[PDB]
Amino acid sequence: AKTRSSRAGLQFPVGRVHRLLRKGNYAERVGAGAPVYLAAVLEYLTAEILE
DNA sequence: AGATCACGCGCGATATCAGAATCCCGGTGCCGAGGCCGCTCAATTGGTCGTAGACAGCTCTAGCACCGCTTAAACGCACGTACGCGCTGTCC
């Protein structure tokens with residue numbers, strides 16, 4: 001699978017989250033797992049609200 | 001004078017006579033949502049290099065702990081007064 005969400009088994013965009021973390025002036029560098037973790041958390045909260 | 005029965009008055013509950021507002025059921029037209037299509041930009045793949053972070057060794061500062069005194073502060077008790085709370089009436 002190409003998309004990083006598919007690798008992480010998520011419906012939210014890991015690539016977009018990584019890009020925002022980088023172009024958000026949050027830190028000099030952004031780990032590889034931070035976008036995955038944040039996408040998973042956002043997906044969980046979205047599902048929790050939508051249920 | 002006391003007890004029982006009948007009648008009258010007062011209070012509570014149900015019904016009701018109504019009528020008022022809400023919810024519901026149906027038909028209807030709509031526009032807002034879901035979906036398909038095409039295009040392209042942003043994400044992915046591959047590779048590099050460099051520094052940020054991980055790890056080990058050492059240092060010594062600060063946290064923990066312990067003891068013992070002394071004494072400020074908490075705890076306890078009691079009297080009472082004044083504040084909380086309930087009841088009531090009036091006016092707006």
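The figures here come from the full heavy-atom set of this structure, side chains too, leaving out hydrogens, waters and symmetry mates. Each chain gets a letter, A, B and so on, in the order the sequences are listed, and its residues count up from 1.
Nucleotides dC77(B) and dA73(B) have their P atoms positioned 22 Å apart, rounded to a whole Å. Straight-line distance between the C1' atoms of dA74(B) and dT70(B): roughly 16 Å, to the nearest whole Å. Taking atom P in both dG89(B) and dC85(B), one finds a spacing of 22 Å when rounded to whole Å.
A distance of 9.0 Å separates NE2 of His18(A) from NZ of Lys23(A), quoted to the nearest 0.5 Å. To the nearest 0.5 Å, the span separating CD1 on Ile49(A) from OH on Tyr44(A) amounts to 10.5 Å.
Residue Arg7(A) is classed as a sugar-phosphate contact, given heavy-atom separations below 4.0 Å to backbone atoms only.
Straight-line distance from the NZ atom of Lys2(A) to the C1' atom of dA43(B): 12 Å, rounded to whole Å. In this structure, the CZ atom of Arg16(A) is 10 Å from the P atom of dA42(B), given to the nearest Å. Atom-to-atom, CZ of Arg22(A) to P of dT44(B) comes out at 9 Å; the value is rounded to the nearest Å. Protein atom CZ of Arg4(A) is 9 Å distant from nucleotide atom P of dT45(B), rounded to whole Å. One can place CG of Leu21(A) at 12 Å from P of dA43(B), the figure rounded to the nearest angstrom. One atom, CZ of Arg29(A), and another, P of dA52(B), lie 7 Å apart when rounded to the nearest Å.
With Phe12(A) as the partner, the side-chain contact (heavy atoms from CB on, under 4.5 Å) test is satisfied by one option alone out of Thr46(A), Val41(A), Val36(A), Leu38(A): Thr46(A).
Consecutive pairing runs in DNA chain B never reach the stem threshold, where a stem means at least three Watson-Crick or G-U wobble pairs with distances under 3.5 Å.
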